[PDB]
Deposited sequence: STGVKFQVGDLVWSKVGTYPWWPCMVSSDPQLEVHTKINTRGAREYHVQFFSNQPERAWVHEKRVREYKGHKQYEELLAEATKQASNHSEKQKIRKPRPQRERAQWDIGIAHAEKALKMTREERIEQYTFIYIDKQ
């Protein structure tokens, strides 16, 4: 267990680029980490965005968030680069702005400021 609740991380999920996140406790499982059905470790994260979402992410797709400029280093992991779609870039920029504000906070302040409120349907 390398991450705890309130830690800032980058997550690489689905078709999306490396995205700013905060580790949090799953609202139903009440754990922030688990061993999945394939026997691998996963972390529960909140994506920083104007569209709040959460996901369980494989530990190999999670990295410590040290700052927004670290994005280049994650891409490093003729030069070939994927283009950046406008709508997705705008959502990522909002997320980064939140992550940069969260980085100036203590872990306790971040937990209080950003932990999602979940409402049953």
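Stretches of the deposited sequence lacking C-alpha coordinates, numbered from 1: 1-3, 81-91, 136.
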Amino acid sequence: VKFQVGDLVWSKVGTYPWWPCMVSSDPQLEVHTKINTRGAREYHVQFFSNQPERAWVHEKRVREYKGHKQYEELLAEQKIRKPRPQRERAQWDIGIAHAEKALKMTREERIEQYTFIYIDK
From here on, numbers count along this sequence of modelled residues.
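Between two forms, the rigid core is defined as the largest C-alpha subset superposing within 1.5 Å.
With each structure aligned by its rigid core, the stretch whose Cα atoms sit farther from this model in 8 other deposited structures of this protein, between 37-45 and 65-73, is 37-45. The records show that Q86 is included in the coordinate set of every other eligible entry of this protein, so it is not omitted in a third of them.
Between 3-11 and 112-120, it is 112-120 that carries the larger average Cα temperature factor according to the deposited entry. Higher mean CA temperature factor between 17-25 and 103-111: 103-111, per the PDB entry. Based on the entry's C-alpha B-factors, the most elevated value among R63, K79, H58, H32 belongs to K79. In the PDB entry, a CA B factor belonging to the highest third of its chain's modelled residues is recorded for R89. Among all modelled residues in this chain, the alpha-carbon of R38 has a temperature factor (C-alpha) in the highest third. Among all modelled residues in its chain, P52 ranks in the middle third by Cα B-factor. In the PDB entry, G95 places in the lowest third of its chain by CA B-factor.
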